[PDB]
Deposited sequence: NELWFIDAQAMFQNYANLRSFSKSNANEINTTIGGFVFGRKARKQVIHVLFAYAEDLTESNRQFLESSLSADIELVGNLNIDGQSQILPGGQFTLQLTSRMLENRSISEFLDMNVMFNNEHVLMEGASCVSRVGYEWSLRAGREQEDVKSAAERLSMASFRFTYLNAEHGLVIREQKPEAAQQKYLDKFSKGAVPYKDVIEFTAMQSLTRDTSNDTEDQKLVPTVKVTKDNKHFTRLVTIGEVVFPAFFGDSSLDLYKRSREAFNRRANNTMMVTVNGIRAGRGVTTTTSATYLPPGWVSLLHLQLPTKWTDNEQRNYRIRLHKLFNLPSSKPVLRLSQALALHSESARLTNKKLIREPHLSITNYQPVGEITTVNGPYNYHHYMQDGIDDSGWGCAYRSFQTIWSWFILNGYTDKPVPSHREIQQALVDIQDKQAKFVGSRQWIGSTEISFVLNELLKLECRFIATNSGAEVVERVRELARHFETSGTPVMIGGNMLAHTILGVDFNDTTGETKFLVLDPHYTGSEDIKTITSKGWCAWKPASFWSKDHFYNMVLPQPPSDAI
């Protein structure tokens, strides 16, 4: 008699993605608060203890194995956490929260939300592998590395924060509450410097180590997490390295990445084998998609998609740019059915790259936004172009929809779809296929106004009354890089159909993403 909580939709969707002999799986969660965070499905091959350990090392430090699952009573079971989910293929494919509750009395369905800040630090270490004994040393280095980690100290100087081992009595309660209060793991980041007391093949590993700061935990709680966080990254490096050795790809160096896969509410942490062949990497990405029940229709784990939480991390887009402003609209107004842009993007505008496009650049900026979406979504690694670079494809000319579609076609081998309009109030009679866009291609839309250019991020469509609103990101700059000046003013806000000039004709470019990544 104990209450566990789970997000059943999320679970069903994971089964969905794997599906995309029999099937079993592992259940990962926050053991103390009896809350399931990740349900990972696998075919019987992958229900190995080896893969269980790979999974756990890739999840956030507060999360561990809490149970496993049995589908239709006929799947392989690997003991084990402290319960087993009972599942049927009926239940799964129909997605019946209805049926799931009857088969699993101690569980409660719940729409589990993101929570907490991300603490991060760069950490490096060195590993020596005896010739021909690479495999068993890498394993052994790790074990002794995990006994060493209890002695590291993490320090933030701009706030006088120190995480370090401590007797329980020394614990400072609520230690980061100021920072972790209504925080979210994918962008509220407290950076630390990792330190230590000053008292064959050699391999060097350096990279991020990210652990959650939850509102209300004690400096002690923070310390146990940082340590587990660090140990999982080492084990992860160990495992990828061994794998490449056994595959005879040699001893490879790794890159540290952090992701927030679609749907996920806790981060995913991975050491990436980046000295493998491009092809060998793709195969790993595919393998990883299956292991973490990611969806196969699109990229999730490209280097380009990794969050850049640490300031010394290699990014492919400018750190100054804002990521997803439309996700700071707290004052929501749902008039009807909302279809929004699919992945992440950046906000480009006037007065940005040290340039001054006060009149002409409006469409360049929207082009740049559309571009940023393509890197932040794993479709290219090429950086967003400058005006001059777009031009090369005069100087200081305003442009519009037709060249945007063209520059995109030969800087990115990228095909568009077009939507053309006689009147500003004919945008609306086309909102059907514009919603259809966002639910599919899900790319930001450049709307070719008459004298002006805007980006469309989403619609607010009520098929009954017919009332229609539009989510508009306005390329004409007003702020410095202030979020309130963008959300309070109309620079990123929802707009009524009476926003488009009825006297004039409008063009719309609808970027199409490629079909394999």
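The chain's deposited sequence has unresolved stretches at 21 to 30, 210 to 233, 428 to 439, 564, with no C-alpha coordinates there.
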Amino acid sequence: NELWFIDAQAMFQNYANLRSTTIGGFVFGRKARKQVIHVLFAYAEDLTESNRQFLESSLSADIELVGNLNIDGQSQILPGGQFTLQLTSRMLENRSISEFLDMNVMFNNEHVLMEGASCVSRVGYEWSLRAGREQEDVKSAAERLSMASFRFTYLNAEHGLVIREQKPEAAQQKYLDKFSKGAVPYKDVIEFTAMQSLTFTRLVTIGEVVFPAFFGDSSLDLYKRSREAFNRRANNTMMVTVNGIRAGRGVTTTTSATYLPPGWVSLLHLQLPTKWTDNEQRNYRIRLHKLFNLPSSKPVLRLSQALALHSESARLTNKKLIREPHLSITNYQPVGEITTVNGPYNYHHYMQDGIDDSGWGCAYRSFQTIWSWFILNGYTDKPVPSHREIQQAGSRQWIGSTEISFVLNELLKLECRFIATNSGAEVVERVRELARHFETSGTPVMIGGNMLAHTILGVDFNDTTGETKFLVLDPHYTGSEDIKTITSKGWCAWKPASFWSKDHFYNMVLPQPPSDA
From here on, numbers count along this sequence of modelled residues.
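Looking at 478 to 486 and 41 to 49 together, the entry lists the larger mean B-factor for 478 to 486, computed on C-alpha atoms. Of the two stretches examined, 363 to 371 and 186 to 194, the record assigns the greater average C-alpha temperature factor to 363 to 371. Note on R95, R232, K319, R287: the highest value goes to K319, judged by CA B factor as recorded.
Across the options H269, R225, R282, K167, the residue with the most elevated CA B-factor in the record is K167. Among the modelled residues of its chain, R130 has a C-alpha B-factor that falls in the highest third according to the deposited record. Ranked within its chain, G80 lands in the middle third, by CA B factor from the PDB record.
Sort the chain's modelled residues by C-alpha temperature factor and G24 lands in the middle third, per the entry. The PDB entry assigns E208 a C-alpha temperature factor belonging to the lowest third of its chain's modelled residues. Ranked within its chain, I456 lands in the middle third, by CA B factor from the PDB record.
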